[PDB]
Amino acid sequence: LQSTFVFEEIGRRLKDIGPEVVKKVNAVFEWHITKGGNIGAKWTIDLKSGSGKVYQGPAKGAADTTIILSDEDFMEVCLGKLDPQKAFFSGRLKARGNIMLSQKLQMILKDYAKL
């Protein structure tokens, strides 16, 4: 899966910026990465306490938001070739629970990525 390198890089960056992100975000994001429409990987980005954490599999507690999309579509979002809001409205990106939290996540992580 192409997305594995991205989740690992998010975990490495959270070592440095995690405390500041956690204050601004305050939530737990679960990711179901599909291939052949079948779940090829699950990840959690826990931005709720400490320096935050990225780990494999479902949230240890409740996830605020769950996003489901293909490995390819996830990579296209990360490469700026697919707008995440456009993918959502076209039905390529599924988001459950608190949908707008994940758009907050998008904005904050884009800000830090520019530093």
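Position 1 is the first residue in the sequence shown; the rest follow in order.
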Exercise for review: For the higher mean C-alpha B factor in the entry, choose 2-10 or 104-112.
Suggested key: 104-112
Study note, to complete from the structure: Of 44-52 and 59-67, the stretch with the higher mean C-alpha B-factor in the deposited entry is 44-52
Check your understanding: If you rank every modelled residue in this chain by C-alpha B factor, which third holds residue 15: lowest, middle or highest?
Key -> highest
Exercise for review: Please place residue 24 in the lowest, middle or highest third of its chain by C-alpha B factor as given in the entry.
Suggested key: highest
Practice item. Place residue 35 in the lowest, middle or highest third of its chain's C-alpha B-factors, as listed in the PDB entry. Key: highest
Point to revise | Third assignment of residue 79 from its chain's C-alpha B-factors | key: highest
